[PDB]
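Asker: Contents of upload-v1.pdb (PDB, C-alpha atoms and all ligand atoms) are below:
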ATOM      1  CA  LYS A  88    -122.143  75.628  16.951  1.00  0.00           C
ATOM      2  CA  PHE A  89    -124.975  75.292  19.519  1.00  0.00           C
ATOM      3  CA  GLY A  90    -127.833  77.794  19.284  1.00  0.00           C
ATOM      4  CA  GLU A  91    -130.728  76.482  21.401  1.00  0.00           C
ATOM      5  CA  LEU A  92    -131.424  76.170  25.115  1.00  0.00           C
ATOM      6  CA  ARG A  93    -131.303  72.551  26.210  1.00  0.00           C
ATOM      7  CA  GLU A  94    -132.913  70.619  29.011  1.00  0.00           C
ATOM      8  CA  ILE A  95    -130.658  68.150  30.787  1.00  0.00           C
ATOM      9  CA  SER A  96    -131.023  65.791  33.770  1.00  0.00           C
ATOM     10  CA  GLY A  97    -128.852  65.430  36.875  1.00  0.00           C
ATOM     11  CA  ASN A  98    -126.750  62.598  35.435  1.00  0.00           C
ATOM     12  CA  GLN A  99    -126.060  64.609  32.294  1.00  0.00           C
ATOM     13  CA  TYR A 100    -124.606  67.454  34.375  1.00  0.00           C
ATOM     14  CA  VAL A 101    -121.072  66.082  34.511  1.00  0.00           C
ATOM     15  CA  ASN A 102    -120.962  65.338  30.772  1.00  0.00           C
ATOM     16  CA  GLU A 103    -122.622  68.522  29.515  1.00  0.00           C
ATOM     17  CA  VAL A 104    -121.161  71.053  31.939  1.00  0.00           C
ATOM     18  CA  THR A 105    -118.059  69.910  33.807  1.00  0.00           C
ATOM     19  CA  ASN A 106    -116.654  68.074  30.793  1.00  0.00           C
ATOM     20  CA  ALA A 107    -117.898  70.492  28.134  1.00  0.00           C
ATOM     21  CA  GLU A 108    -115.755  71.061  25.055  1.00  0.00           C
ATOM     22  CA  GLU A 109    -112.474  72.795  25.898  1.00  0.00           C
ATOM     23  CA  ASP A 110    -112.710  76.604  25.930  1.00  0.00           C
ATOM     24  CA  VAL A 111    -116.507  76.679  25.714  1.00  0.00           C
ATOM     25  CA  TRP A 112    -118.672  78.702  28.040  1.00  0.00           C
ATOM     26  CA  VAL A 113    -121.533  76.781  29.560  1.00  0.00           C
ATOM     27  CA  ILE A 114    -124.481  78.560  31.159  1.00  0.00           C
ATOM     28  CA  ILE A 115    -126.538  76.174  33.271  1.00  0.00           C
ATOM     29  CA  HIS A 116    -129.799  77.328  34.847  1.00  0.00           C
ATOM     30  CA  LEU A 117    -130.806  75.294  37.879  1.00  0.00           C
ATOM     31  CA  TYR A 118    -134.549  75.695  38.200  1.00  0.00           C
ATOM     32  CA  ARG A 119    -138.056  74.757  39.372  1.00  0.00           C
ATOM     33  CA  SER A 120    -141.095  75.493  37.144  1.00  0.00           C
ATOM     34  CA  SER A 121    -142.985  76.307  40.352  1.00  0.00           C
ATOM     35  CA  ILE A 122    -141.022  79.569  40.664  1.00  0.00           C
ATOM     36  CA  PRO A 123    -142.174  82.475  38.393  1.00  0.00           C
ATOM     37  CA  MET A 124    -138.643  83.907  38.163  1.00  0.00           C
ATOM     38  CA  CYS A 125    -137.391  80.551  36.783  1.00  0.00           C
ATOM     39  CA  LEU A 126    -140.096  80.524  34.118  1.00  0.00           C
ATOM     40  CA  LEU A 127    -139.014  84.059  33.142  1.00  0.00           C
ATOM     41  CA  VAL A 128    -135.263  83.382  33.248  1.00  0.00           C
ATOM     42  CA  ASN A 129    -135.663  80.479  30.834  1.00  0.00           C
ATOM     43  CA  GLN A 130    -137.593  82.741  28.452  1.00  0.00           C
ATOM     44  CA  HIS A 131    -134.600  85.041  28.090  1.00  0.00           C
ATOM     45  CA  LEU A 132    -132.134  82.155  27.997  1.00  0.00           C
ATOM     46  CA  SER A 133    -133.990  80.491  25.119  1.00  0.00           C
ATOM     47  CA  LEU A 134    -133.671  83.757  23.211  1.00  0.00           C
ATOM     48  CA  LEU A 135    -130.041  84.349  24.228  1.00  0.00           C
ATOM     49  CA  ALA A 136    -129.018  80.874  23.158  1.00  0.00           C
ATOM     50  CA  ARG A 137    -130.060  81.693  19.603  1.00  0.00           C
ATOM     51  CA  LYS A 138    -128.246  85.024  19.658  1.00  0.00           C
ATOM     52  CA  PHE A 139    -125.034  83.423  20.955  1.00  0.00           C
ATOM     53  CA  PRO A 140    -124.636  80.009  19.226  1.00  0.00           C
ATOM     54  CA  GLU A 141    -121.007  79.831  20.401  1.00  0.00           C
ATOM     55  CA  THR A 142    -122.045  79.613  24.070  1.00  0.00           C
ATOM     56  CA  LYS A 143    -123.583  76.458  25.498  1.00  0.00           C
ATOM     57  CA  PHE A 144    -126.964  76.963  27.170  1.00  0.00           C
ATOM     58  CA  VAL A 145    -128.425  74.185  29.366  1.00  0.00           C
ATOM     59  CA  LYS A 146    -131.136  74.062  32.031  1.00  0.00           C
ATOM     60  CA  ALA A 147    -132.149  71.527  34.647  1.00  0.00           C
ATOM     61  CA  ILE A 148    -134.736  70.971  37.335  1.00  0.00           C
ATOM     62  CA  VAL A 149    -132.630  71.122  40.562  1.00  0.00           C
ATOM     63  CA  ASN A 150    -134.552  68.219  42.085  1.00  0.00           C
ATOM     64  CA  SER A 151    -132.737  65.823  39.758  1.00  0.00           C
ATOM     65  CA  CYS A 152    -129.348  67.540  40.389  1.00  0.00           C
ATOM     66  CA  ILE A 153    -129.294  68.415  44.093  1.00  0.00           C
ATOM     67  CA  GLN A 154    -131.941  67.025  46.409  1.00  0.00           C
ATOM     68  CA  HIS A 155    -133.669  69.270  49.008  1.00  0.00           C
ATOM     69  CA  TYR A 156    -132.532  72.455  47.263  1.00  0.00           C
ATOM     70  CA  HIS A 157    -134.098  75.537  48.847  1.00  0.00           C
ATOM     71  CA  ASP A 158    -136.482  77.886  47.028  1.00  0.00           C
ATOM     72  CA  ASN A 159    -134.466  80.848  48.353  1.00  0.00           C
ATOM     73  CA  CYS A 160    -131.452  79.711  46.300  1.00  0.00           C
ATOM     74  CA  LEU A 161    -133.527  79.849  43.122  1.00  0.00           C
ATOM     75  CA  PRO A 162    -133.065  80.757  40.371  1.00  0.00           C
ATOM     76  CA  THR A 163    -129.548  79.386  40.196  1.00  0.00           C
ATOM     77  CA  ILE A 164    -127.309  80.162  37.238  1.00  0.00           C
ATOM     78  CA  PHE A 165    -123.734  78.868  37.116  1.00  0.00           C
ATOM     79  CA  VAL A 166    -121.242  79.867  34.435  1.00  0.00           C
ATOM     80  CA  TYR A 167    -118.520  77.356  33.556  1.00  0.00           C
ATOM     81  CA  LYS A 168    -115.461  77.104  31.371  1.00  0.00           C
ATOM     82  CA  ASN A 169    -113.142  74.088  31.270  1.00  0.00           C
ATOM     83  CA  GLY A 170    -114.988  72.587  34.240  1.00  0.00           C
ATOM     84  CA  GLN A 171    -114.392  75.647  36.435  1.00  0.00           C
ATOM     85  CA  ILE A 172    -116.995  78.036  37.847  1.00  0.00           C
ATOM     86  CA  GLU A 173    -116.532  81.532  36.437  1.00  0.00           C
ATOM     87  CA  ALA A 174    -119.696  82.971  37.994  1.00  0.00           C
ATOM     88  CA  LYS A 175    -122.501  82.069  40.377  1.00  0.00           C
ATOM     89  CA  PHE A 176    -125.904  83.756  40.508  1.00  0.00           C
ATOM     90  CA  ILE A 177    -127.967  82.317  43.369  1.00  0.00           C
ATOM     91  CA  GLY A 178    -131.477  83.492  44.290  1.00  0.00           C
ATOM     92  CA  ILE A 179    -133.697  86.356  43.157  1.00  0.00           C
ATOM     93  CA  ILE A 180    -131.445  89.295  44.006  1.00  0.00           C
ATOM     94  CA  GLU A 181    -128.406  87.936  42.106  1.00  0.00           C
ATOM     95  CA  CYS A 182    -130.312  86.734  39.070  1.00  0.00           C
ATOM     96  CA  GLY A 183    -131.492  90.354  38.887  1.00  0.00           C
ATOM     97  CA  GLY A 184    -134.891  90.765  40.590  1.00  0.00           C
ATOM     98  CA  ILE A 185    -138.461  89.711  39.746  1.00  0.00           C
ATOM     99  CA  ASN A 186    -138.711  92.181  36.855  1.00  0.00           C
ATOM    100  CA  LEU A 187    -135.798  91.244  34.618  1.00  0.00           C
ATOM    101  CA  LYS A 188    -135.602  92.043  30.918  1.00  0.00           C
ATOM    102  CA  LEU A 189    -133.767  90.207  28.126  1.00  0.00           C
ATOM    103  CA  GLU A 190    -131.034  92.829  27.831  1.00  0.00           C
ATOM    104  CA  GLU A 191    -130.329  92.922  31.586  1.00  0.00           C
ATOM    105  CA  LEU A 192    -129.536  89.224  31.829  1.00  0.00           C
ATOM    106  CA  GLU A 193    -127.536  89.498  28.589  1.00  0.00           C
ATOM    107  CA  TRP A 194    -125.408  92.177  30.192  1.00  0.00           C
ATOM    108  CA  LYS A 195    -125.182  90.150  33.433  1.00  0.00           C
ATOM    109  CA  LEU A 196    -123.698  87.164  31.639  1.00  0.00           C
ATOM    110  CA  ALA A 197    -121.532  89.521  29.570  1.00  0.00           C
ATOM    111  CA  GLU A 198    -119.540  91.298  32.307  1.00  0.00           C
ATOM    112  CA  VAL A 199    -118.506  87.875  33.504  1.00  0.00           C
ATOM    113  CA  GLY A 200    -117.492  86.734  30.029  1.00  0.00           C
ATOM    114  CA  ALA A 201    -120.022  84.055  29.167  1.00  0.00           C
ATOM    115  CA  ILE A 202    -121.259  85.541  25.888  1.00  0.00           C
ATOM    116  CA  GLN A 203    -119.494  87.389  23.050  1.00  0.00           C
ATOM    117  CA  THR A 204    -120.131  88.289  19.393  1.00  0.00           C
ATOM    118  CA  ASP A 205    -117.815  89.210  16.491  1.00  0.00           C
TER     119      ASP A 205
ATOM    120  CA  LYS B  88    -119.801  59.197  63.917  1.00  0.00           C
ATOM    121  CA  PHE B  89    -120.670  57.248  60.756  1.00  0.00           C
ATOM    122  CA  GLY B  90    -119.815  53.551  60.662  1.00  0.00           C
ATOM    123  CA  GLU B  91    -121.707  51.973  57.733  1.00  0.00           C
ATOM    124  CA  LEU B  92    -121.366  52.062  53.951  1.00  0.00           C
ATOM    125  CA  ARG B  93    -124.326  53.887  52.466  1.00  0.00           C
ATOM    126  CA  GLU B  94    -126.009  53.920  49.061  1.00  0.00           C
ATOM    127  CA  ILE B  95    -126.704  57.348  47.550  1.00  0.00           C
ATOM    128  CA  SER B  96    -128.213  58.561  44.247  1.00  0.00           C
ATOM    129  CA  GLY B  97    -126.796  61.091  41.778  1.00  0.00           C
ATOM    130  CA  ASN B  98    -128.744  64.014  43.214  1.00  0.00           C
ATOM    131  CA  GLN B  99    -127.428  63.222  46.688  1.00  0.00           C
ATOM    132  CA  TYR B 100    -123.817  63.395  45.472  1.00  0.00           C
ATOM    133  CA  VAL B 101    -123.482  67.154  45.945  1.00  0.00           C
ATOM    134  CA  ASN B 102    -124.955  67.087  49.460  1.00  0.00           C
ATOM    135  CA  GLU B 103    -123.207  63.958  50.753  1.00  0.00           C
ATOM    136  CA  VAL B 104    -119.786  64.351  49.113  1.00  0.00           C
ATOM    137  CA  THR B 105    -118.995  67.878  47.884  1.00  0.00           C
ATOM    138  CA  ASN B 106    -120.701  69.529  50.852  1.00  0.00           C
ATOM    139  CA  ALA B 107    -119.768  66.931  53.463  1.00  0.00           C
ATOM    140  CA  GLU B 108    -119.052  68.056  57.012  1.00  0.00           C
ATOM    141  CA  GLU B 109    -115.931  70.219  57.180  1.00  0.00           C
ATOM    142  CA  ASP B 110    -112.719  68.227  57.650  1.00  0.00           C
ATOM    143  CA  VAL B 111    -114.357  64.854  57.080  1.00  0.00           C
ATOM    144  CA  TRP B 112    -112.874  62.389  54.597  1.00  0.00           C
ATOM    145  CA  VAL B 113    -115.454  60.980  52.202  1.00  0.00           C
ATOM    146  CA  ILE B 114    -114.800  57.812  50.252  1.00  0.00           C
ATOM    147  CA  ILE B 115    -117.285  57.420  47.404  1.00  0.00           C
ATOM    148  CA  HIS B 116    -117.300  54.225  45.319  1.00  0.00           C
ATOM    149  CA  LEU B 117    -118.867  54.766  41.904  1.00  0.00           C
ATOM    150  CA  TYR B 118    -120.006  51.307  40.816  1.00  0.00           C
ATOM    151  CA  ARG B 119    -122.228  48.900  38.867  1.00  0.00           C
ATOM    152  CA  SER B 120    -123.290  45.488  40.294  1.00  0.00           C
ATOM    153  CA  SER B 121    -122.584  43.934  36.870  1.00  0.00           C
ATOM    154  CA  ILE B 122    -118.820  44.189  37.463  1.00  0.00           C
ATOM    155  CA  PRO B 123    -117.310  41.570  39.864  1.00  0.00           C
ATOM    156  CA  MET B 124    -114.559  43.915  41.093  1.00  0.00           C
ATOM    157  CA  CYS B 125    -117.298  46.355  42.224  1.00  0.00           C
ATOM    158  CA  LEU B 126    -119.153  43.631  44.125  1.00  0.00           C
ATOM    159  CA  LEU B 127    -115.841  42.754  45.820  1.00  0.00           C
ATOM    160  CA  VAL B 128    -114.866  46.350  46.591  1.00  0.00           C
ATOM    161  CA  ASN B 129    -118.154  47.064  48.351  1.00  0.00           C
ATOM    162  CA  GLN B 130    -117.476  43.978  50.517  1.00  0.00           C
ATOM    163  CA  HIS B 131    -114.221  45.504  51.762  1.00  0.00           C
ATOM    164  CA  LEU B 132    -115.706  48.999  52.050  1.00  0.00           C
ATOM    165  CA  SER B 133    -118.572  47.716  54.211  1.00  0.00           C
ATOM    166  CA  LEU B 134    -116.068  46.178  56.602  1.00  0.00           C
ATOM    167  CA  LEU B 135    -113.795  49.231  56.508  1.00  0.00           C
ATOM    168  CA  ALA B 136    -116.664  51.575  57.226  1.00  0.00           C
ATOM    169  CA  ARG B 137    -117.109  49.883  60.628  1.00  0.00           C
ATOM    170  CA  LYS B 138    -113.368  49.985  61.350  1.00  0.00           C
ATOM    171  CA  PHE B 139    -113.085  53.715  60.616  1.00  0.00           C
ATOM    172  CA  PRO B 140    -116.342  55.356  61.806  1.00  0.00           C
ATOM    173  CA  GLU B 141    -114.612  58.759  61.545  1.00  0.00           C
ATOM    174  CA  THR B 142    -114.465  58.482  57.734  1.00  0.00           C
ATOM    175  CA  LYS B 143    -117.609  58.867  55.658  1.00  0.00           C
ATOM    176  CA  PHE B 144    -118.115  55.893  53.341  1.00  0.00           C
ATOM    177  CA  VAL B 145    -120.703  56.078  50.533  1.00  0.00           C
ATOM    178  CA  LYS B 146    -121.411  54.036  47.407  1.00  0.00           C
ATOM    179  CA  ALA B 147    -123.425  54.889  44.292  1.00  0.00           C
ATOM    180  CA  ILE B 148    -124.403  53.284  41.005  1.00  0.00           C
ATOM    181  CA  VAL B 149    -122.750  55.482  38.305  1.00  0.00           C
ATOM    182  CA  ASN B 150    -125.769  55.224  36.015  1.00  0.00           C
ATOM    183  CA  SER B 151    -127.514  57.755  38.242  1.00  0.00           C
ATOM    184  CA  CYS B 152    -124.417  59.967  38.734  1.00  0.00           C
ATOM    185  CA  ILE B 153    -122.793  60.094  35.288  1.00  0.00           C
ATOM    186  CA  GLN B 154    -124.650  58.705  32.301  1.00  0.00           C
ATOM    187  CA  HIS B 155    -122.833  56.609  29.629  1.00  0.00           C
ATOM    188  CA  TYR B 156    -119.953  55.841  31.984  1.00  0.00           C
ATOM    189  CA  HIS B 157    -117.523  53.302  30.562  1.00  0.00           C
ATOM    190  CA  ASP B 158    -116.956  49.880  32.110  1.00  0.00           C
ATOM    191  CA  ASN B 159    -113.183  50.385  31.790  1.00  0.00           C
ATOM    192  CA  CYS B 160    -113.365  53.293  34.283  1.00  0.00           C
ATOM    193  CA  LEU B 161    -114.894  50.917  36.839  1.00  0.00           C
ATOM    194  CA  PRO B 162    -114.489  50.568  39.681  1.00  0.00           C
ATOM    195  CA  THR B 163    -114.205  54.265  40.463  1.00  0.00           C
ATOM    196  CA  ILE B 164    -113.222  55.377  43.968  1.00  0.00           C
ATOM    197  CA  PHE B 165    -112.898  59.097  44.713  1.00  0.00           C
ATOM    198  CA  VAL B 166    -111.503  60.440  47.976  1.00  0.00           C
ATOM    199  CA  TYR B 167    -112.821  63.851  49.099  1.00  0.00           C
ATOM    200  CA  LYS B 168    -112.117  66.374  51.851  1.00  0.00           C
ATOM    201  CA  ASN B 169    -113.862  69.773  52.051  1.00  0.00           C
ATOM    202  CA  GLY B 170    -115.283  69.321  48.543  1.00  0.00           C
ATOM    203  CA  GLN B 171    -111.846  68.756  46.996  1.00  0.00           C
ATOM    204  CA  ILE B 172    -110.593  65.525  45.425  1.00  0.00           C
ATOM    205  CA  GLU B 173    -107.631  64.144  47.356  1.00  0.00           C
ATOM    206  CA  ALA B 174    -107.241  60.884  45.414  1.00  0.00           C
ATOM    207  CA  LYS B 175    -108.777  59.204  42.357  1.00  0.00           C
ATOM    208  CA  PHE B 176    -108.774  55.452  41.672  1.00  0.00           C
ATOM    209  CA  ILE B 177    -110.273  54.675  38.248  1.00  0.00           C
ATOM    210  CA  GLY B 178    -110.479  51.202  36.681  1.00  0.00           C
ATOM    211  CA  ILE B 179    -109.265  47.755  37.713  1.00  0.00           C
ATOM    212  CA  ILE B 180    -105.534  48.422  37.717  1.00  0.00           C
ATOM    213  CA  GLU B 181    -105.813  51.471  40.058  1.00  0.00           C
ATOM    214  CA  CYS B 182    -108.323  49.953  42.452  1.00  0.00           C
ATOM    215  CA  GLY B 183    -105.614  47.301  42.878  1.00  0.00           C
ATOM    216  CA  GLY B 184    -106.537  44.390  40.575  1.00  0.00           C
ATOM    217  CA  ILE B 185    -109.153  41.623  40.392  1.00  0.00           C
ATOM    218  CA  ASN B 186    -107.707  39.873  43.412  1.00  0.00           C
ATOM    219  CA  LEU B 187    -107.773  42.614  46.034  1.00  0.00           C
ATOM    220  CA  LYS B 188    -107.852  41.883  49.771  1.00  0.00           C
ATOM    221  CA  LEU B 189    -109.306  43.860  52.696  1.00  0.00           C
ATOM    222  CA  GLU B 190    -105.900  45.030  53.919  1.00  0.00           C
ATOM    223  CA  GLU B 191    -104.561  46.268  50.566  1.00  0.00           C
ATOM    224  CA  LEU B 192    -107.548  48.544  49.957  1.00  0.00           C
ATOM    225  CA  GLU B 193    -107.150  49.759  53.553  1.00  0.00           C
ATOM    226  CA  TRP B 194    -103.498  50.546  52.916  1.00  0.00           C
ATOM    227  CA  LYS B 195    -104.320  52.223  49.612  1.00  0.00           C
ATOM    228  CA  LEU B 196    -106.965  54.444  51.188  1.00  0.00           C
ATOM    229  CA  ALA B 197    -104.593  55.028  54.132  1.00  0.00           C
ATOM    230  CA  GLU B 198    -101.576  56.048  52.014  1.00  0.00           C
ATOM    231  CA  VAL B 199    -103.500  59.124  50.870  1.00  0.00           C
ATOM    232  CA  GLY B 200    -105.002  59.974  54.234  1.00  0.00           C
ATOM    233  CA  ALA B 201    -108.598  58.854  53.980  1.00  0.00           C
ATOM    234  CA  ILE B 202    -108.750  56.518  56.977  1.00  0.00           C
ATOM    235  CA  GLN B 203    -107.161  56.733  60.428  1.00  0.00           C
ATOM    236  CA  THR B 204    -106.962  55.285  63.901  1.00  0.00           C
ATOM    237  CA  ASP B 205    -106.386  58.283  66.207  1.00  0.00           C
TER     238      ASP B 205
HETATM  239 NA    NA C 301    -112.642  84.150  26.194  1.00  0.00          NA
HETATM  240 NA    NA C 302    -106.021  64.803  58.701  1.00  0.00          NA
END
Spell out the structure here as structure tokens.
Ligand code: NA
Ligand code: NA
Answerer:
Amino acid sequence: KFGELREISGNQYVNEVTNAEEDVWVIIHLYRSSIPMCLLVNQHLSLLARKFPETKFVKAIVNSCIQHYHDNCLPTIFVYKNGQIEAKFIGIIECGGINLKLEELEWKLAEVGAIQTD
Amino acid sequence: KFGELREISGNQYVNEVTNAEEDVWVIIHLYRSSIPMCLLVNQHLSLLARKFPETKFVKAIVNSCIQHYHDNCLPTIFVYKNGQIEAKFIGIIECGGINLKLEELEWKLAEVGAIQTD
């Protein structure tokens, strides 16, 4: 259905995330390449997108979404379904610390319902 | 408190509208200069801004808020309080027709609580 992690701009946010296909989970990562954790989080998300082609995976440089966003709120991951926020992970502690492995983020997104298999 | 109609970009939407000062009414006009009605609506909204300095009045070119936005949804006026949408006016018919005078926008914005003399 999907399968790959996608880069989007600020003005594509509403279309891709808030108005995403009905009943689809969207996982948007709000990021800055300047932050090592963001670089890492995207690594796992690229991989997780392929493993869960049913879930939508997008990412965006916060500067083109929300101006003057603070480093201490990064990384930011929001989980959406039907234009509603199902989960928020804001900052290092919530996104699961500076060391964060593939399977830990997988789990993180799982207990909240964002990704499933069959 | 405010007093003038102000131009914002897409990435200033979240800060200026969704996260606007608690209890403040925000009137955002999503527009394009190519559409006469929009030109006319900004005229009224500039004047109204000054008359109701308690209400926040902003305007923004949709192309930098939502990409691929359809002419037929213009003009778009959203009314916000505390990050929640109180009223939506989308397209010519709802923004009160091609002839639309200062006082009938005022009334329309007033009927739903956006502007006030106290
Ligand atoms: Na489900
Ligand atoms: Na009130």
Asker: Name the residues, by chain letter and number, that sit within 10 Å of ligand NA 301 (chain C) using only C-alpha atoms and all ligand atoms, and give them as number ranges by chain.
Answerer: A: 110-112, 168, 200-203
Asker: Return as a ChimeraX atom specification the set of residues that the PyMOL selection byres ((chain A) within 10 of (chain B)) yields on the displayed structure.
Answerer: /A:96-102,149-156
Asker: Produce the least-squares-superposed copy of chain B, fitted on chain A over all in-order C-alpha pairs, as an mmCIF file with C-alpha atoms, in the coordinates of the input.
Answerer:
data_model
loop_
_atom_site.group_PDB
_atom_site.id
_atom_site.type_symbol
_atom_site.label_atom_id
_atom_site.label_comp_id
_atom_site.auth_asym_id
_atom_site.auth_seq_id
_atom_site.Cartn_x
_atom_site.Cartn_y
_atom_site.Cartn_z
ATOM 1 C CA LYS B 88 -122.317 75.564 17.003
ATOM 2 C CA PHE B 89 -125.109 75.258 19.583
ATOM 3 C CA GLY B 90 -127.997 77.712 19.369
ATOM 4 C CA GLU B 91 -130.850 76.373 21.540
ATOM 5 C CA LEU B 92 -131.481 76.087 25.275
ATOM 6 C CA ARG B 93 -131.489 72.439 26.271
ATOM 7 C CA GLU B 94 -132.952 70.465 29.168
ATOM 8 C CA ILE B 95 -130.593 68.046 30.929
ATOM 9 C CA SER B 96 -130.926 65.690 33.928
ATOM 10 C CA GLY B 97 -128.663 65.396 36.978
ATOM 11 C CA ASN B 98 -126.617 62.540 35.542
ATOM 12 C CA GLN B 99 -125.961 64.557 32.390
ATOM 13 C CA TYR B 100 -124.535 67.456 34.418
ATOM 14 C CA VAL B 101 -120.997 66.067 34.550
ATOM 15 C CA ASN B 102 -120.893 65.316 30.815
ATOM 16 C CA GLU B 103 -122.588 68.484 29.547
ATOM 17 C CA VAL B 104 -121.148 71.054 31.970
ATOM 18 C CA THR B 105 -118.001 69.927 33.815
ATOM 19 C CA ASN B 106 -116.618 68.095 30.786
ATOM 20 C CA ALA B 107 -117.900 70.493 28.133
ATOM 21 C CA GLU B 108 -115.808 71.104 25.032
ATOM 22 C CA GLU B 109 -112.539 72.848 25.883
ATOM 23 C CA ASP B 110 -112.798 76.648 25.901
ATOM 24 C CA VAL B 111 -116.579 76.705 25.614
ATOM 25 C CA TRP B 112 -118.660 78.791 28.014
ATOM 26 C CA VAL B 113 -121.540 76.850 29.535
ATOM 27 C CA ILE B 114 -124.471 78.615 31.134
ATOM 28 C CA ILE B 115 -126.523 76.219 33.252
ATOM 29 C CA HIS B 116 -129.795 77.393 34.824
ATOM 30 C CA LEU B 117 -130.766 75.283 37.826
ATOM 31 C CA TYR B 118 -134.525 75.741 38.142
ATOM 32 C CA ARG B 119 -138.024 74.641 39.181
ATOM 33 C CA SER B 120 -141.141 75.506 37.097
ATOM 34 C CA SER B 121 -142.971 76.355 40.348
ATOM 35 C CA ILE B 122 -141.000 79.609 40.680
ATOM 36 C CA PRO B 123 -142.101 82.491 38.359
ATOM 37 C CA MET B 124 -138.592 83.979 38.128
ATOM 38 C CA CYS B 125 -137.377 80.613 36.738
ATOM 39 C CA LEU B 126 -140.126 80.533 34.108
ATOM 40 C CA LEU B 127 -139.089 84.077 33.120
ATOM 41 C CA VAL B 128 -135.352 83.366 33.090
ATOM 42 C CA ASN B 129 -135.740 80.415 30.733
ATOM 43 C CA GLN B 130 -137.659 82.754 28.383
ATOM 44 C CA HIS B 131 -134.647 85.065 28.142
ATOM 45 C CA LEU B 132 -132.162 82.183 27.996
ATOM 46 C CA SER B 133 -134.025 80.587 25.079
ATOM 47 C CA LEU B 134 -133.756 83.833 23.144
ATOM 48 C CA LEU B 135 -130.132 84.384 24.173
ATOM 49 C CA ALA B 136 -129.150 80.890 23.138
ATOM 50 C CA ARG B 137 -130.052 81.777 19.528
ATOM 51 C CA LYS B 138 -128.195 85.101 19.709
ATOM 52 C CA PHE B 139 -124.977 83.507 20.988
ATOM 53 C CA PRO B 140 -124.670 80.069 19.313
ATOM 54 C CA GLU B 141 -121.011 79.959 20.425
ATOM 55 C CA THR B 142 -122.051 79.670 24.094
ATOM 56 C CA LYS B 143 -123.532 76.447 25.421
ATOM 57 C CA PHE B 144 -126.873 77.056 27.133
ATOM 58 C CA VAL B 145 -128.456 74.307 29.267
ATOM 59 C CA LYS B 146 -131.252 74.190 31.838
ATOM 60 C CA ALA B 147 -132.074 71.587 34.491
ATOM 61 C CA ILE B 148 -134.639 71.008 37.214
ATOM 62 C CA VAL B 149 -132.618 71.042 40.495
ATOM 63 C CA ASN B 150 -134.656 68.196 41.971
ATOM 64 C CA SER B 151 -132.688 65.814 39.766
ATOM 65 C CA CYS B 152 -129.313 67.560 40.307
ATOM 66 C CA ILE B 153 -129.284 68.425 44.019
ATOM 67 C CA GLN B 154 -131.971 67.021 46.280
ATOM 68 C CA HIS B 155 -133.628 69.200 48.989
ATOM 69 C CA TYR B 156 -132.533 72.410 47.280
ATOM 70 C CA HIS B 157 -134.032 75.510 48.866
ATOM 71 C CA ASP B 158 -136.433 77.820 47.040
ATOM 72 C CA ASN B 159 -134.445 80.835 48.287
ATOM 73 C CA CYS B 160 -131.416 79.680 46.238
ATOM 74 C CA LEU B 161 -133.573 79.817 43.100
ATOM 75 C CA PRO B 162 -133.062 80.741 40.408
ATOM 76 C CA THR B 163 -129.530 79.381 40.222
ATOM 77 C CA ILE B 164 -127.344 80.225 37.222
ATOM 78 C CA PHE B 165 -123.783 78.884 37.085
ATOM 79 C CA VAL B 166 -121.273 79.945 34.445
ATOM 80 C CA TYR B 167 -118.601 77.368 33.522
ATOM 81 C CA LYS B 168 -115.470 77.204 31.375
ATOM 82 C CA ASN B 169 -113.201 74.126 31.242
ATOM 83 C CA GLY B 170 -114.998 72.592 34.233
ATOM 84 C CA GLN B 171 -114.368 75.635 36.439
ATOM 85 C CA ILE B 172 -117.011 78.008 37.803
ATOM 86 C CA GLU B 173 -116.512 81.514 36.438
ATOM 87 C CA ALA B 174 -119.635 83.093 37.957
ATOM 88 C CA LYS B 175 -122.454 82.095 40.320
ATOM 89 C CA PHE B 176 -125.889 83.745 40.471
ATOM 90 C CA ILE B 177 -127.985 82.306 43.319
ATOM 91 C CA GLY B 178 -131.466 83.518 44.309
ATOM 92 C CA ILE B 179 -133.727 86.330 43.127
ATOM 93 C CA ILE B 180 -131.542 89.279 44.074
ATOM 94 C CA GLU B 181 -128.466 87.953 42.168
ATOM 95 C CA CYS B 182 -130.329 86.810 39.077
ATOM 96 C CA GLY B 183 -131.391 90.472 38.931
ATOM 97 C CA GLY B 184 -134.853 90.690 40.542
ATOM 98 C CA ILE B 185 -138.437 89.666 39.739
ATOM 99 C CA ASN B 186 -138.665 92.177 36.925
ATOM 100 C CA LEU B 187 -135.703 91.220 34.755
ATOM 101 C CA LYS B 188 -135.532 92.027 31.037
ATOM 102 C CA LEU B 189 -133.766 90.257 28.152
ATOM 103 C CA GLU B 190 -131.005 92.863 27.918
ATOM 104 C CA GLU B 191 -130.106 92.975 31.626
ATOM 105 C CA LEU B 192 -129.534 89.220 31.833
ATOM 106 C CA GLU B 193 -127.488 89.518 28.625
ATOM 107 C CA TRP B 194 -125.377 92.250 30.188
ATOM 108 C CA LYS B 195 -125.009 90.278 33.409
ATOM 109 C CA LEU B 196 -123.845 87.160 31.582
ATOM 110 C CA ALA B 197 -121.652 89.382 29.372
ATOM 111 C CA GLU B 198 -119.944 91.239 32.247
ATOM 112 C CA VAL B 199 -118.337 87.963 33.324
ATOM 113 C CA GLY B 200 -117.478 86.738 29.851
ATOM 114 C CA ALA B 201 -120.057 84.082 29.115
ATOM 115 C CA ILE B 202 -121.489 85.467 25.875
ATOM 116 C CA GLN B 203 -119.839 87.250 22.945
ATOM 117 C CA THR B 204 -120.236 88.596 19.448
ATOM 118 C CA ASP B 205 -116.845 88.034 17.766
#
Asker: What is the CA of residue 182 in chain B-CA of residue 119 in chain B distance in Å, reported with one decimal?
Answerer: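 Separating CA of residue 182 in chain B from CA of residue 119 in chain B is a distance of 14.4 Å.
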Asker: Looking at only C-alpha atoms and all ligand atoms, which of B:187, B:109, B:124, B:115 is the one that sits closest to ligand NA 302 (chain C)?
Answerer: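 Residue with the minimum atom-to-atom distance to ligand NA 302 (chain C): B:109.
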